[PDB]
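First comes one chain, alone, set out as structure tokens in the form deposited in one PDB entry.
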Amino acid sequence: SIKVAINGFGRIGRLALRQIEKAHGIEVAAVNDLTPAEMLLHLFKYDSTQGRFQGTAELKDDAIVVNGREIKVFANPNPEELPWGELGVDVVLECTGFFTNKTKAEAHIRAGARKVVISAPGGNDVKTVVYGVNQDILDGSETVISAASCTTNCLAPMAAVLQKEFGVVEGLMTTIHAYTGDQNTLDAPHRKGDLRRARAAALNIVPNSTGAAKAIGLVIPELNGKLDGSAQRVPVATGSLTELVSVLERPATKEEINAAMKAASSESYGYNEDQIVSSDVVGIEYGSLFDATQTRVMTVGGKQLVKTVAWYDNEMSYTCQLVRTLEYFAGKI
């Protein structure tokens, strides 16, 4: 069994534990956060958007017992100091939001873990994997990898189909995204100086940057430098979508685009034809859910603008992609 430690027992970290409990041959030996075990256990059991944990979870001294198995709990904010080698940790899921580059994530390796998966973009010098698009770039010799962002896992399969079947000249993305924990509850100073994330999360449409489109070349080299975009955070607590407006290399119709997406569907990339809304993707296990109902092709003379839209639960969709990537990576190491 591959032993996992979760660093940062937050939204992604706790959902990752839920998904890993369902995965054979991989188990979480430890979690680390900033708080006593009682707090972590409570938040694991009870979840405002993802529902009650559907298993048993009990408290023990400096440990939680999940489905009858003990998971040690630590509270050390500095990863290099954690007893990963001493516990026999194979892979750390780095989910704190504070160690999202190679140099910082490698602290887990100095602590004795064999591998790290960052639950976020990790820079250009770590292999970046959207499961179902480019996991074959891993051979197991990597030490630190990235599972990209939630938006990258939504955008990439949609962009891959467009590039493969039509060719992409260029594109601009907008993700309409659930608010997240990096926004304030009420208007207040923001630690990272972001005047827009400073604002009350559940009261506002909040423009904000995202690198998901700009960095797409790490996942789909044929799209390198061809896409850009940004985000609008809105008052849903989870559930998001990505719109892509593209110029393609050949003419296209709505029906041809939709058929190509359906033909590419998989456990990671779903295909939808129902008139759904964001609450309907909460808890889905696709990394991306293409919505054929929103496809649009604007034609003026010989020039076309193409809109394609995919949903994602930025929490659970990304988490399932993260665990698929971890499982594949763990088979290679």
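The term rigid core refers to the maximal set of C-alpha atoms that superpose within 1.5 Å between the two forms. Numbering starts at 1 and runs along the sequence shown.
The stretch with the higher mean CA B factor, choosing between 43-51 and 302-310, is 302-310.
When the two stretches 172-180 and 74-82 are set side by side, the higher mean Cα temperature factor goes to 74-82.
Taking the PDB entry at face value, the top CA B factor among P207, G140, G239, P235 belongs to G140. Residue-level temperature factors show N67 in the highest third of its chain, judged at the C-alpha atom.
For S119, the recorded CA B-factor ranks within the lowest third of the chain. Only modelled residues enter the ranking.
When all modelled residues of the chain are sorted by CA temperature factor, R250 is found within the highest third. Sorting the modelled residues of the chain by their CA temperature factor places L34 in the middle third. Ranked against the other modelled residues of its chain, the C-alpha B-factor of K262 as given in the entry falls in the middle third.
Separately, the form deposited in another entry exists; it is not shown, and the next lines address it.
When both forms sit on the same rigid core, the CA shifts between this form and the one not shown reach 2 angstroms or more only at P235 out of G217, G88, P235, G140. Relative to the superposed rigid core, the position of the CA of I205 differs between this form and the one not shown by 2 Å or more.
Comparing the forms between this form and the one not shown, the C-alpha position of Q304 differs by 2 angstroms or more, with the core used for superposition.
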